[PDB]
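S.K.: Quick one: structure below, then a few questions.
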Amino acid sequence: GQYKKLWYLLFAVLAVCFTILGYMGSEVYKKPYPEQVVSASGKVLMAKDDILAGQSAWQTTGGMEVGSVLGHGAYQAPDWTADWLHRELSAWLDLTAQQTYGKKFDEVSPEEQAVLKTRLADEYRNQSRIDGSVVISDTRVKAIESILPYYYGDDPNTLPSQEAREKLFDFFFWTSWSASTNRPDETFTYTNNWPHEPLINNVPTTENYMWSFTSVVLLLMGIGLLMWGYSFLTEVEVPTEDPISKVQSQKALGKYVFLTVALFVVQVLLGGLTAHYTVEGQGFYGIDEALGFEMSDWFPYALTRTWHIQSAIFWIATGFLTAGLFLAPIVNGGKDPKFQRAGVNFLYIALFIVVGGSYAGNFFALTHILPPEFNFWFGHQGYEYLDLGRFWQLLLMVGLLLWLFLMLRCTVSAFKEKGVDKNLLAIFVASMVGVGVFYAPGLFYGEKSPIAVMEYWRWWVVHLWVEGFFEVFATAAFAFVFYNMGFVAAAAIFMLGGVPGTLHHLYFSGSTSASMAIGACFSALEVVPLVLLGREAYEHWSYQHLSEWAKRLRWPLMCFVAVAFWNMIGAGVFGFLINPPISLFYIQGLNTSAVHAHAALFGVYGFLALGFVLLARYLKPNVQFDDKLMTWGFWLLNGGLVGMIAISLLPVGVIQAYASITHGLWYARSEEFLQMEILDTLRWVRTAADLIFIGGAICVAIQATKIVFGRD
Ligand code: HEM
Ligand code: HEM
Ligand SMILES: [Ca+2]
Ligand SMILES: [Fe+3]
């Protein structure tokens, strides 16, 4: 502890962000599942048993990777919490159709519809829950009896006194009731008025459009303070004074990248088959005819959706762990422990079986060829990005512990070398610890558990362990590599902004006001680091006239300019578009967020993983590596990306947003809406950009494939 204040710099922001996220985490752990709901007379229709068994069955079926609830999943099949609330609203429109109005929704004229939607609105929004029991009217009993026949188009001894399937729809009805009931002390719902159901009065409250602009005010405060702080005005070379970049376990690391790019290509095959599944889900041009039945049984949309997301995970994950363990032998200085290649291959094949087995379990449970107890563990887990079973999550994190074991083994010498408590060999070994550990948050998670805590612990990995990795490990690797070649804060600001801001997805899943405010504030503060690359991009544009024949690093800068470009675009200006509750209320679970997904995953981290696979370059000479396939890959991947985020997702997304604004979210998700001429033909011409993007993935894939003929 020579200069422990520099440790206290990170310790402070980390302790305050872990206090904020941990205690607002205690707030979303505290602030339900009624033991048994009853009728006005007495009879039961649902129990905690049925809601949690229907949750377990929901997680068995894997409906979260095909039909969204609370906005959190896939966007092919309609939202089974908005659609349920609308179908139950149609049930209340069918029920009271006796006295002061006609039969249908719009059969009664707007003049007399004024006396209609007041009675039901003041039926269930009044607190109807004590004793773990929800008490409901015989009206609501006949409603919950009325709604079930609706649940086609093109969308996927004695003990109890209910069915099993019944438990699923009881869990759906639970999501509906929990979504459409006011809080204690407050006049808004547990979901903060979600979903957008107009006829029950569900729209953002005061805090939403207060903090929506307070976030803008805080962001402009930050921008202003830095920009006016920049007034005082407080290089490794002059014009032409750069040195040459030359240095000569990694036999097996060459296969990690082949795995990586093959998984990237099949990830885009599942992306493309998910693309075709959103055009026609009744057949496949002969082989899957309604008489025949071939493709729809074995490899459905659920499977393409889970496997597209598990491939995106695994190809980028191997795409960075390969770089971690490829740059490992430079950290200690070649200091190889006993049987290191064998351990790296052990880890490699553990990754292989985790990868295969995980989405093979999804194969088995998503087609339901599996018991109840055997789902979740082996089968589909039921959650976006944790689609992989728990067996395989535990095994993946054991792969992360063998990786952190091997990386810590490959930095024991670096840990012995550093006398300074906050050295590069302390930050780049804090980052690897921050990676190899923080997938563990994802395991504090069970099928029979409450869902708020579950998703809290989900975005605790999917927007925390992803963000405290590519902006922390990759950057201390950047410093390390640019130090070792002779070329030469973000972590602290991005883990002060990003760690407590990760709650920006959790506004409409049971969060208190403090969590909304914190989320809003710190998600607003997530922009000011990502916008710093807005000048760094221009600086690059006015610095990239340097490398010639001798300089090996030519095209990776053309990767990284795009990385910074899309890192300004996809998250900074596209994430803060959706950050406000006023827009996220409606946007939550539309094609709008596919733009942010494809543009912030492949747009930022995909090209980064590709750049790190290309960092290939220390096994081939400077003037012998071929680079037409590089430009091919760039033009095709970026043209396909900008194509798929411009031609399709922007217009469909904004159309969907306007439809959600006007007719309602449930309508914006309904098949009557989602099968318009415009939208069907737009989803039909989405595949052009997909062809080009797959072409681009194939180009850079065949580059790294054909790298293997003449290597160093
Ligand atoms: C040719 C390549 C690709 C095609 C054709 C493709 C196509 C698709 C399609 C059609 C969807 C369905 C969206 C929906 O209706 O819900 C999807 C979802 C998704 N894709 Fe891709 N994709 C490709 C590559 C990628 C890559 C390389 C990444 C990331 C590295 C990526 C990340 C995602 C994510 C995250 C989602 C889901 C978003 C969510 O569930 O909320 N895709 N993809
Ligand atoms: C590299 C950085 C980032 C990545 C990889 C990323 C990734 C993602 C992904 C995949 C989703 C889709 C979740 C789902 O549909 O279930 C998402 C949602 C979202 N992200 Fe990000 N994000 C990043 C940065 C940001 C930033 C900086 C902001 C705000 C300034 C932001 C705001 C949002 C919002 C508001 C949503 C909600 C969309 C929805 O639930 O449908 N993100 N993010
Ligand atoms: Ca999603
Ligand atoms: Fe996020």
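Ligands are numbered from 1 in the order shown, chains are lettered A, B, ... in the order of the structure tokens, and residues start at 1 in each chain.
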As number ranges by chain, please: every residue in range 489-688 of chain A that DSSP puts in alpha helix (DSSP H).
M.R.: A: 490-501, 513-525, 527-530, 533-541, 555-567, 574-578, 581-587, 592-600, 607-614, 628-643, 649-662, 665-669, 671-674, 677-688
S.K.: Near residue 679 in chain A, counting only C-alpha atoms, which residues have an atom at most 9 Å away, once you skip same-chain residues fewer than 6 positions from it, shown as an mmCIF file with C-alpha atoms, in the first residue's frame?
M.R.:
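Written output follows (result-v5.cif):
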```cif
data_model
loop_
_atom_site.group_PDB
_atom_site.id
_atom_site.type_symbol
_atom_site.label_atom_id
_atom_site.label_comp_id
_atom_site.auth_asym_id
_atom_site.auth_seq_id
_atom_site.Cartn_x
_atom_site.Cartn_y
_atom_site.Cartn_z
ATOM 1 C CA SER A 648 -35.941 -3.231 -41.742
ATOM 2 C CA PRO A 651 -39.198 1.569 -40.066
ATOM 3 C CA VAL A 652 -40.742 -1.600 -38.526
ATOM 4 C CA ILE A 655 -44.208 1.792 -37.086
ATOM 5 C CA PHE A 673 -51.050 -5.877 -36.722
#
```
S.K.: What's around range 282-287 of chain A at 12 Å? Count only C-alpha atoms, leave out sequence neighbours fewer than 5 positions away in its own chain, and write the answer as a compact mmCIF listing (two decimals) with C-alpha atoms, in the first residue's frame.
M.R.:
```txt
# COMPACT_ATOMS: atom_id res chain seq x y z
CA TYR A 152 -54.36 -18.92 -35.07
CA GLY A 153 -52.06 -17.14 -37.58
CA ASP A 154 -48.25 -17.62 -37.66
CA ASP A 155 -47.13 -17.37 -34.01
CA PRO A 156 -45.77 -19.97 -31.56
CA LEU A 273 -33.14 -18.91 -40.00
CA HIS A 276 -36.84 -16.72 -42.27
CA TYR A 277 -38.98 -17.90 -39.30
CA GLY A 292 -45.03 -33.88 -44.48
CA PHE A 293 -43.86 -32.06 -41.30
CA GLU A 294 -40.00 -32.14 -41.09
CA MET A 295 -38.20 -28.88 -40.08
CA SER A 296 -40.83 -27.42 -37.73
CA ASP A 297 -40.65 -30.41 -35.33
CA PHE A 299 -35.58 -27.10 -35.34
CA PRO A 300 -38.41 -24.57 -34.47
CA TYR A 301 -38.24 -20.77 -33.95
```
S.K.: Residues up to 6 Å from ligand 2, counting only C-alpha atoms and all ligand atoms: could you list those as an MDAnalysis selection string?
M.R.: chainID A and resid 72:73 504:505 523 526:527 571:572 575:576 578:579 588:589 593 597 600:601
S.K.: Please extract the residues at most 8 Å from ligand 1, counting only C-alpha atoms and all ligand atoms, and provide them as JSON, numbers by chain, using the chain letters and residue numbers of this document.
M.R.: {"A": [65, 66, 72, 73, 74, 75, 76, 264, 267, 268, 269, 270, 271, 272, 273, 274, 275, 276, 277, 278, 305, 308, 309, 312, 313, 316, 384, 589, 591, 593, 594, 597, 598, 601, 602, 603, 605, 606, 640, 644, 687, 689, 690, 691, 692, 693, 694, 697]}
S.K.: Include C-alpha atoms and write out the residues we just selected as a CSV table (one decimal), in the first residue's frame.
M.R.:
```csv
chain,number,residue,atom,x,y,z
A,65,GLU,CA,-37.3,-17.0,-26.1
A,66,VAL,CA,-40.3,-16.7,-28.5
A,72,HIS,CA,-38.3,-9.4,-21.8
A,73,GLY,CA,-37.5,-11.9,-24.4
A,74,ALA,CA,-38.1,-12.5,-28.2
A,75,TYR,CA,-40.5,-10.5,-30.4
A,76,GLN,CA,-42.0,-13.1,-32.8
A,264,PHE,CA,-20.0,-16.6,-35.5
A,267,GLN,CA,-24.7,-17.7,-35.2
A,268,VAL,CA,-25.6,-15.8,-38.4
A,269,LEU,CA,-27.1,-19.0,-39.9
A,270,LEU,CA,-29.4,-19.1,-36.8
A,271,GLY,CA,-29.9,-15.3,-37.1
A,272,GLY,CA,-30.9,-15.9,-40.8
A,273,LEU,CA,-33.1,-18.9,-40.0
A,274,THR,CA,-34.7,-16.8,-37.2
A,275,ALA,CA,-35.0,-14.2,-40.1
A,276,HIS,CA,-36.8,-16.7,-42.3
A,277,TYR,CA,-39.0,-17.9,-39.3
A,278,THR,CA,-40.3,-14.3,-39.0
A,305,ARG,CA,-33.9,-17.8,-31.1
A,308,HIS,CA,-28.7,-17.4,-32.2
A,309,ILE,CA,-28.3,-15.9,-28.7
A,312,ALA,CA,-23.5,-14.8,-30.1
A,313,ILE,CA,-22.5,-15.4,-26.5
A,316,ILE,CA,-17.7,-13.5,-28.7
A,384,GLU,CA,-32.8,-14.6,-22.7
A,589,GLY,CA,-40.0,-5.2,-26.3
A,591,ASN,CA,-38.1,-4.1,-33.0
A,593,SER,CA,-34.4,-2.7,-29.4
A,594,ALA,CA,-33.2,-5.2,-32.1
A,597,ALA,CA,-29.0,-5.2,-30.0
A,598,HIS,CA,-27.4,-5.8,-33.4
A,601,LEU,CA,-23.4,-6.2,-29.9
A,602,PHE,CA,-21.8,-6.9,-33.3
A,603,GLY,CA,-21.5,-3.1,-34.0
A,605,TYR,CA,-18.1,-6.0,-29.4
A,606,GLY,CA,-18.3,-8.2,-32.5
A,640,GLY,CA,-25.4,-5.9,-44.2
A,644,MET,CA,-30.5,-4.7,-41.5
A,687,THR,CA,-33.0,-11.1,-45.9
A,689,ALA,CA,-29.1,-7.3,-45.8
A,690,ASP,CA,-28.8,-10.8,-44.2
A,691,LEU,CA,-27.4,-12.3,-47.4
A,692,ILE,CA,-24.7,-9.5,-47.5
A,693,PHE,CA,-23.9,-9.8,-43.8
A,694,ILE,CA,-23.6,-13.6,-44.0
A,697,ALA,CA,-19.1,-13.1,-42.0
```
S.K.: Please identify all polymer residues within 7 Å of residue 176 in chain A, counting only C-alpha atoms, omitting same-chain residues fewer than 5 positions from it, and present them as a ChimeraX atom specification.
M.R.: /A:81,84-85
S.K.: Using only C-alpha atoms, which of A:188, A:11, A:508, A:376 sits nearest residue 126 in chain A?
M.R.: A:188
S.K.: Counting only C-alpha atoms and all ligand atoms, which of A:413, A:231, A:68, A:245 gets nearest to ligand 3?
M.R.: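 Going through A:413, A:231, A:68, A:245 one by one, the smallest distance to ligand 3 is for A:68.
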S.K.: So the first atom is CA of residue 688 in chain A and the second is CA of residue 281 in chain A; what is the distance between them in Å, to one decimal place?
M.R.: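 These atoms are spaced 18.9 Å apart.
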S.K.: Which residue out of A:558, A:654, A:472, A:147 has the minimum interatomic distance to residue 493 in chain A when only C-alpha atoms are used?
M.R.: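 When distances to residue 493 in chain A are compared using only C-alpha atoms, the smallest one comes from A:472.
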S.K.: At a cut-off of 12 Å, using only C-alpha atoms, what residues contact residue 412 in chain A? Leave out same-chain residues fewer than 2 positions from it and give the result as a PDB file with N, CA and C atoms, in the first residue's frame.
M.R.:
```
ATOM      1  N   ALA A 328      -1.968 -13.798 -22.411  1.00  0.00           N
ATOM      2  CA  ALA A 328      -1.447 -14.302 -21.117  1.00  0.00           C
ATOM      3  C   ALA A 328       0.078 -14.581 -21.096  1.00  0.00           C
ATOM      4  N   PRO A 329       0.607 -15.333 -22.096  1.00  0.00           N
ATOM      5  CA  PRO A 329       2.048 -15.635 -22.140  1.00  0.00           C
ATOM      6  C   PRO A 329       2.990 -14.429 -22.286  1.00  0.00           C
ATOM      7  N   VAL A 331       2.337 -11.750 -20.290  1.00  0.00           N
ATOM      8  CA  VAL A 331       2.192 -11.036 -19.000  1.00  0.00           C
ATOM      9  C   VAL A 331       3.272 -11.460 -18.006  1.00  0.00           C
ATOM     10  N   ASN A 332       3.392 -12.769 -17.814  1.00  0.00           N
ATOM     11  CA  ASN A 332       4.472 -13.350 -17.004  1.00  0.00           C
ATOM     12  C   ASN A 332       5.833 -13.371 -17.717  1.00  0.00           C
ATOM     13  N   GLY A 333       5.821 -13.266 -19.049  1.00  0.00           N
ATOM     14  CA  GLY A 333       7.038 -13.259 -19.873  1.00  0.00           C
ATOM     15  C   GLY A 333       7.432 -14.615 -20.448  1.00  0.00           C
ATOM     16  N   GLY A 334       6.440 -15.468 -20.713  1.00  0.00           N
ATOM     17  CA  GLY A 334       6.653 -16.836 -21.200  1.00  0.00           C
ATOM     18  C   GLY A 334       6.602 -17.912 -20.120  1.00  0.00           C
ATOM     19  N   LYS A 335       6.452 -17.500 -18.855  1.00  0.00           N
ATOM     20  CA  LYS A 335       6.498 -18.399 -17.687  1.00  0.00           C
ATOM     21  C   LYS A 335       5.351 -19.426 -17.696  1.00  0.00           C
ATOM     22  N   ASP A 336       5.611 -20.563 -18.336  1.00  0.00           N
ATOM     23  CA  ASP A 336       4.606 -21.591 -18.606  1.00  0.00           C
ATOM     24  C   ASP A 336       4.538 -22.602 -17.447  1.00  0.00           C
ATOM     25  N   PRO A 337       3.368 -22.742 -16.780  1.00  0.00           N
ATOM     26  CA  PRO A 337       3.241 -23.796 -15.752  1.00  0.00           C
ATOM     27  C   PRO A 337       3.173 -25.220 -16.330  1.00  0.00           C
ATOM     28  N   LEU A 404      -9.682 -18.413 -15.274  1.00  0.00           N
ATOM     29  CA  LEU A 404      -9.093 -17.488 -14.301  1.00  0.00           C
ATOM     30  C   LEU A 404      -7.967 -18.160 -13.495  1.00  0.00           C
ATOM     31  N   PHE A 405      -8.092 -19.467 -13.255  1.00  0.00           N
ATOM     32  CA  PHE A 405      -7.008 -20.300 -12.704  1.00  0.00           C
ATOM     33  C   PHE A 405      -5.768 -20.239 -13.613  1.00  0.00           C
ATOM     34  N   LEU A 406      -5.940 -20.559 -14.904  1.00  0.00           N
ATOM     35  CA  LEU A 406      -4.842 -20.472 -15.903  1.00  0.00           C
ATOM     36  C   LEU A 406      -4.296 -19.049 -16.135  1.00  0.00           C
ATOM     37  N   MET A 407      -5.165 -18.037 -16.092  1.00  0.00           N
ATOM     38  CA  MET A 407      -4.741 -16.640 -16.274  1.00  0.00           C
ATOM     39  C   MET A 407      -4.013 -16.109 -15.042  1.00  0.00           C
ATOM     40  N   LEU A 408      -4.520 -16.451 -13.857  1.00  0.00           N
ATOM     41  CA  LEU A 408      -3.819 -16.164 -12.599  1.00  0.00           C
ATOM     42  C   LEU A 408      -2.473 -16.912 -12.525  1.00  0.00           C
ATOM     43  N   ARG A 409      -2.459 -18.173 -12.975  1.00  0.00           N
ATOM     44  CA  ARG A 409      -1.202 -18.932 -13.172  1.00  0.00           C
ATOM     45  C   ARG A 409      -0.250 -18.262 -14.181  1.00  0.00           C
ATOM     46  N   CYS A 410      -0.812 -17.709 -15.259  1.00  0.00           N
ATOM     47  CA  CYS A 410      -0.043 -16.939 -16.257  1.00  0.00           C
ATOM     48  C   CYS A 410       0.240 -15.474 -15.862  1.00  0.00           C
ATOM     49  N   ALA A 414       3.815 -11.794 -12.968  1.00  0.00           N
ATOM     50  CA  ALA A 414       3.398 -10.382 -12.977  1.00  0.00           C
ATOM     51  C   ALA A 414       2.959  -9.892 -11.590  1.00  0.00           C
ATOM     52  N   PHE A 415       2.281 -10.766 -10.843  1.00  0.00           N
ATOM     53  CA  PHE A 415       1.878 -10.490  -9.455  1.00  0.00           C
ATOM     54  C   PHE A 415       3.086 -10.438  -8.499  1.00  0.00           C
ATOM     55  N   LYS A 416       4.123 -11.231  -8.791  1.00  0.00           N
ATOM     56  CA  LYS A 416       5.412 -11.161  -8.075  1.00  0.00           C
ATOM     57  C   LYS A 416       6.243  -9.930  -8.467  1.00  0.00           C
ATOM     58  N   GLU A 417       6.174  -9.545  -9.742  1.00  0.00           N
ATOM     59  CA  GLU A 417       6.970  -8.441 -10.296  1.00  0.00           C
ATOM     60  C   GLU A 417       6.553  -7.062  -9.783  1.00  0.00           C
ATOM     61  N   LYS A 418       5.247  -6.802  -9.730  1.00  0.00           N
ATOM     62  CA  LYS A 418       4.744  -5.476  -9.340  1.00  0.00           C
ATOM     63  C   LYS A 418       5.004  -5.145  -7.860  1.00  0.00           C
ATOM     64  N   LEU A 425      -0.064  -4.189 -14.248  1.00  0.00           N
ATOM     65  CA  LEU A 425      -0.180  -5.579 -13.781  1.00  0.00           C
ATOM     66  C   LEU A 425      -1.006  -5.753 -12.490  1.00  0.00           C
ATOM     67  N   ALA A 426      -1.581  -4.662 -11.971  1.00  0.00           N
ATOM     68  CA  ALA A 426      -2.663  -4.695 -10.976  1.00  0.00           C
ATOM     69  C   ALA A 426      -4.044  -4.422 -11.607  1.00  0.00           C
ATOM     70  N   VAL A 429      -4.933  -7.286 -13.954  1.00  0.00           N
ATOM     71  CA  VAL A 429      -5.291  -8.469 -13.126  1.00  0.00           C
ATOM     72  C   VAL A 429      -6.450  -8.236 -12.117  1.00  0.00           C
TER      73      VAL A 429
END
```
S.K.: So which one's closest to residue 497 in chain A, A:323, A:199, A:317, A:219? Using only C-alpha atoms, please.
M.R.: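 Looking only at the distances to residue 497 in chain A, the closest residue turns out to be A:219.
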S.K.: Give me the residues within 12 Å of residue 440 in chain A as a list in words, counting only C-alpha atoms and dropping any in the same chain fewer than 5 places off.
M.R.: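 The neighbour list is residues 390, 393, 394, 395, 396, 397, 398, 399, 400, 401, 433, 434, 435, 445, 457, 458, 460, 461, 462, 464 and 465 of chain A.
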S.K.: Return the single residue from A:568, A:463, A:556, A:631 that is closest to ligand 4, with distances computed using only C-alpha atoms and all ligand atoms.
M.R.: A:463
S.K.: Might you pull out every residue within 10 Å of residue 41 in chain A, with only C-alpha atoms counted and same-chain residues fewer than 4 positions away left off, and present them as a list in words?
M.R.: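 Close residues of residue 41 in chain A: residues 135, 136, 137 and 138 of chain A.
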S.K.: Could those residues be written to a file, using C-alpha atoms, as an mmCIF file, in the first residue's frame?
M.R.:
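Below you can see selection.cif, which holds the result:
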```
data_model
loop_
_atom_site.group_PDB
_atom_site.id
_atom_site.type_symbol
_atom_site.label_atom_id
_atom_site.label_comp_id
_atom_site.auth_asym_id
_atom_site.auth_seq_id
_atom_site.Cartn_x
_atom_site.Cartn_y
_atom_site.Cartn_z
ATOM 1 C CA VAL A 135 -59.569 -11.965 -3.226
ATOM 2 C CA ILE A 136 -61.449 -11.252 -6.496
ATOM 3 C CA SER A 137 -65.051 -10.760 -7.646
ATOM 4 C CA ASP A 138 -67.207 -13.472 -9.253
#
```
S.K.: Which is closer to ligand 4 than all the others in A:502, A:127, A:515, A:509, using only C-alpha atoms and all ligand atoms?
M.R.: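 Nearest to ligand 4: A:502.
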